[PDB]
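Going line by line, the protein sequences match chains A and A'. A prime marks a further copy of an entry chain. Going by the authors' numbering, the letters in the first sequence line up with residues 8 to 193, 198 to 259, 279 to 313, in that order. Going by the authors' numbering, the letters in the second sequence line up with residues 8 to 193, 198 to 259, 279 to 313, in that order. All C-beta atoms in this analysis are idealised placements derived from N, C-alpha and C, irrespective of residue type, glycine included.
There are 2 protein chains.
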Amino acid sequence: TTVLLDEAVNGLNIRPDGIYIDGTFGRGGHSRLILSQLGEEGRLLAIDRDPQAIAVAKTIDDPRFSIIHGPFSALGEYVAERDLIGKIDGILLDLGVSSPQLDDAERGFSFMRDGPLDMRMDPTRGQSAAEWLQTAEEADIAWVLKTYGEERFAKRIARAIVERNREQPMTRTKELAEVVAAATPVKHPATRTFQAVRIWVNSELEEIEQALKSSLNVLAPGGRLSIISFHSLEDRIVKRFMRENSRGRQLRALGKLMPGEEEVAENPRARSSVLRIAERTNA
Amino acid sequence: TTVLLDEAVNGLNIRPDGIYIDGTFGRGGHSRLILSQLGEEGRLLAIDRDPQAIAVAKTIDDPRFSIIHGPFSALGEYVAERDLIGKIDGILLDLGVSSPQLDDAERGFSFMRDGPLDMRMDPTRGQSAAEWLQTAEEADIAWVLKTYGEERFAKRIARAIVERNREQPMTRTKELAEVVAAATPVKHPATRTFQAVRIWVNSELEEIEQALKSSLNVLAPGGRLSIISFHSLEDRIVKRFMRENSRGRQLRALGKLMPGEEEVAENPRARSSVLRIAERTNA
Ligand SMILES: C[S@@+](CC[C@H](N)C(=O)[O-])C[C@H]1O[C@@H](n2cnc3c(N)ncnc32)[C@H](O)[C@@H]1O
Ligand SMILES: C[S@@+](CC[C@H](N)C(=O)[O-])C[C@H]1O[C@@H](n2cnc3c(N)ncnc32)[C@H](O)[C@@H]1O
Ligand SMILES: Nc1ccn([C@@H]2O[C@H](CO)[C@@H](O)[C@H]2O)c(=O)n1
Ligand SMILES: Nc1ccn([C@@H]2O[C@H](CO)[C@@H](O)[C@H]2O)c(=O)n1
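The following block contains the structure:
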């Protein structure tokens, strides 16, 4: 069994007639897993901001299942639209990018394979990486790199980026990667930068914050939160939130699980993953 | 699934040909569960200081299984006796009393049903509760009550106990319970006292400390620690130990799980249980 799949689903404490949210449908792994544990009175409501994820979800032929296209920050609204306030028995969030977003160079997440410098989980709307970098001030880019990338060279990288875009506007991931490599002495030099930019383009951290906030208001008594963070910056947020809300009383923190050596050798990208689980009290 | 059984066993990350220790055999629940996941090359070594537990283990007819009668603090020695140093793939400890110890009034753990004031997990040796209380100084008893019981009234309770034993030596659990109730104003008054005395008679906290210490030396690379604490005083120890030894590098802490509302309503005594999991690194 794995932390990432088996433990995360366990965390939801599924009952057959319960009502669950998969806030990060992706390719339906968790969703299918949850559905297989639901009875005929069970209900699964799924969310994803990525159209391709919606395209997968669309094919699921189950009257108990539905999908919403939008950010999981609007979780509270979705639940209100359906008069489900206080009737959610579990919310699962499997945070970060999907494998298709990573593997399809055209989605523009990769500095390894060339593609449009995009980085949007939802390319239907909002500002792309290229546009953001094309308009942003040096100080802005620097702050993004330091805060979301933990990039020591944020200032010089931001400088080099601004200069480049002043002279020859960047449009492709490989251009960005090459500018970052050049700007830095000498892992790959552009990794943290790409993470920082991605996190900015997608508001990933604030998204998590807002979803966690709304979760308290939508959960039934005994309702579960089962949240997988991909890396430290997300996890910091999940931990802070569970800590603040369980000390005293609206939540009871039920703990935290990380993948062992075997699971990480089996799956490399699980390296920094952290599952956290909590439960809505009666307060 | 439960934290107490399913999650704890998951924590061991069992491979079919691995070598595991169940340090708290009890009635063989975990042991049977582990065995069912072992192949023909697998090995389970079990420990318990309680003869009745040995009497259960004895009936298990499996060449892969063996039982040792002694404190789990001697874990390191047992493993050395068998030339298994560095070859243990997992150690499970399910801490505290067994249900039979609780339910059999004659074992003298209960202030509800009368029995000999004993409280020994291993009645074959060591000093009983009655003997300890019969010889101990007021200040000693007081310290035990405060530290292991978190009993506010430790001083007056210790005083009353000393006086009682000076006049009419206590020999039965109900005598102790009545003395404690009388000594205190007015839950049940004797609960914390009984816990404190039990913990002293059995050295439960130091036992845990020593076993954790030896575990580092016996574990193979990737070897697991899966430890269930029954209450806060044990858990404090497990947490401290995993924290100290994973910051920097001999252990990697893999997290912590607590039972949710449902599991605690299903099982009352799981109320304060905490599962912690770790893994031996290569250091
Ligand atoms: C790590 S994948 C989850 C994969 C899924 N658990 C599975 O088994 O296939 C994360 C998914 O959540 C989506 N996502 C990430 N953040 C989101 C957000 N803030 N709002 C809506 N969807 C989001 C991504 O588009 C991606 O498809
Ligand atoms: C909570 S019961 C474990 C029950 C077991 N997990 C099962 O499934 O049946 C704890 C057992 O561990 C034993 N035990 C507790 N502390 C011990 C110690 N320090 N050394 C050896 N055995 C101990 C007790 O005698 C008791 O039988
Ligand atoms: N609608 C929007 C979207 C993005 N921004 C960008 O936010 C950054 C603030 O550090 C700056 O980089 C700024 O360009 C904005 O100002 N308005
Ligand atoms: N072999 C032993 C066993 C127990 N004790 C008891 O340990 C307590 C120290 O606070 C005191 O209560 C003391 O009686 C001891 O001194 N020697």
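Alpha carbon to alpha carbon, what distance is there between residue j and residue i?
i       : j       : result
A'/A53  : A/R209  : 51 Å
A/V294  : A/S106  : 16 Å
A'/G93  : A'/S73  : 19 Å
A'/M119 : A'/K181 : 7 Å
A'/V104 : A'/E255 : 27 Å
A/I41   : A'/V151 : 49 Å
A'/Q280 : A'/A313 : 5 Å
A'/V10  : A'/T131 : 33 Å
A'/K286 : A'/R306 : 4 Å
A/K250  : A'/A190 : 44 Å
A/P58   : A/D129  : 7 Å
A'/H242 : A/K198  : 44 Å
A'/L45  : A'/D24  : 7 Å
A'/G133 : A/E14   : 42 Å
A'/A283 : A'/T66  : 36 Å
A'/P176 : A'/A165 : 14 Å
A'/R258 : A'/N297 : 35 Å
Tell me the DSSP secondary structure of residue i in three-state form.
i       : result
A/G83   : helix
A/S73   : strand
A'/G18  : helix
A/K94   : coil
A/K286  : strand
A'/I67  : coil
A'/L45  : coil
A'/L102 : coil
A'/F205 : helix
A'/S214 : coil
A'/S257 : coil
A'/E113 : helix
A'/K198 : coil
A/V193  : coil
A'/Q134 : coil
A/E170  : helix
A/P78   : coil
A/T154  : helix
Going by C-alpha to C-alpha distance, which of the options sits closest to residue i?
i                       : options                              : result
A/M253                  : A/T311, A/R120, A/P123 and A/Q175    : A/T311
A'/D68                  : A'/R89, A'/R39 and A'/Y85            : A'/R39
A'/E88                  : A'/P200, A'/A64, A'/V187 and A'/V229 : A'/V229
A/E113                  : A/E14, A/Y155 and A/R179             : A/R179
A/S240                  : A/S257, A/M288 and A/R258            : A/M288
A'/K153                 : A'/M177, A'/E218, A'/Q206 and A'/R56 : A'/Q206
A/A308                  : A/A201, A/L99 and A/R22              : A/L99
A'/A136                 : A'/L124, A'/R56 and A'/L19           : A'/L124
A'/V63                  : A'/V86, A'/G46, A'/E84 and A'/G33    : A'/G33
A/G122                  : A/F160, A/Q108 and A/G133            : A/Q108
A/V187                  : A/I219, A/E220, A/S257 and A/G156    : A/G156
A'/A222                 : A'/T204, A'/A201 and A'/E245         : A'/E245
residue 342 of chain A' : A'/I248, A'/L102, A'/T202 and A'/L82 : This structure cannot settle anything about residue 342 of chain A', because the visible part of chain A' is limited to 8 through 313.
A/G290                  : A'/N20, A'/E158 and A'/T8            : A'/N20
A/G35                   : A/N17, A/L12 and A/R22               : A/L12
A'/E48                  : A'/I61, A'/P70, A'/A60 and A'/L82    : A'/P70
A'/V193                 : A'/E220, A'/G97 and A'/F160          : A'/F160
A/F116                  : A/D90, A/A184 and A/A60              : A/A184
A/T204                  : A/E174, A/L82, A/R163 and A/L91      : A/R163
Look up residue i in the DSSP assignment and give the residues it is bridged to.
i       : result
A'/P123 : A'/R179
A'/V304 : A'/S240
A'/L51  : A'/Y27 and A'/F72
A'/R310 : A'/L281
A/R235  : A/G97 and A/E309
A'/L230 : A'/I95
Three CB pairs or more closer than 8 Å across the region 135 to 144 of chain A' and the region 164 to 180 of chain A' | yes
Determine contact between the region 130 to 141 of chain A and the region 287 to 307 of chain A, defined as no fewer than three beta-carbon pairs at a distance below 8 Å.
-> The way I'd put it, the region 130 to 141 of chain A doesn't touch the region 287 to 307 of chain A; fewer than three beta-carbon pairs between them come closer than 8 Å.
Are there three or more Cβ pairs, one per stretch, closer than 8 Å when the region 73 to 82 of chain A is compared with the region 208 to 226 of chain A?
-> yes
Kindly confirm or deny that the region 47 to 64 of chain A' and the region 17 to 36 of chain A' touch, where touching means at least three C-beta pairs closer than 8 Å.
-> yes
contact_flag[the region 234 to 248 of chain A', the region 216 to 226 of chain A'] where n(CB pairs < 8 Å) is 3 or more | yes
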